[PDB]
């Protein structure tokens, strides 16, 4: 049966000799925003309706955690200025729970500063994450701490791999974990070397695009991935787009079009390499339409 038939443990069915970069991985954009209930706010600030555990059950393996330092020992999960009602510990604990339940999966956790620190804060965002989370004995063994820039599934399964969107860091394991960090171009499709030249990161993150331009930018990077068997190359492709347009169109509304359009394209490509595709409303189904998370999972080729 289809891998998308067992989303809760799909990675367990792959050759663990694969480099994570080579795996087609569904991600959720602003993963933590499922806590939002305020309907006026949710139009533009809510990007998911499944909680973290349910997103994992649904096969999501890449988490977009954007944060704000709200005390010298605390990072709160945020969508820009909007507080998402929990701290990073909650994500970590859920991840840790899911990984012991499904220990042949790995999670890639992207970490970004999304808003200015609370005025009492005396430490940088990167220092707080490094000291109060990554290095914290409480989360001992949860993070990938290997020295490989291009780790395999074997060496990462059971753990969270950092995907560093903080800037330069003194953390030494994970994507962009060095004193340069990742050069991220605003609202752009771009390409930049990371991990001291070891990896070429190719990103589509045109989050302010109107609809047609967004779909075209998702497909342009999709088409590139399909031609590229290089493991030293990493694709991150965000289908998520910012709210606005003809009425005051929600992030959901756009996801209801983009997700099925890309799901279908991938399905028609069969087993082509896709890269890591980051979506809004991961796991949200619409009768009659292909499901993006499911098609990303199924696009992985089992050759072993």
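Numbering follows the first chain given and starts at 1.
- With 53 to 61 and 237 to 245 compared on mean CA B-factor from the PDB entry, the stretch scoring higher is 237 to 245.
- Between the stretches 157 to 165 and 142 to 150, it is 142 to 150 that shows the larger average CA temperature factor.
- The entry lists C-alpha B-factors for 110, 227, 173, 187, and the highest of these is at 227.
- Among the modelled residues of its chain, residue 264 has a C-alpha B-factor that falls in the highest third according to the deposited record.
- The deposited CA B-factor of residue 98 belongs to the middle third of values across its chain.
- The PDB entry assigns residue 221 a C-alpha temperature factor belonging to the lowest third of its chain's modelled residues.
- Compared with the other modelled residues of the chain, the Cα B-factor recorded for residue 130 ranks in the middle third.
- Split the chain's modelled residues into thirds by C-alpha temperature factor. Residue 291 is in the middle one.
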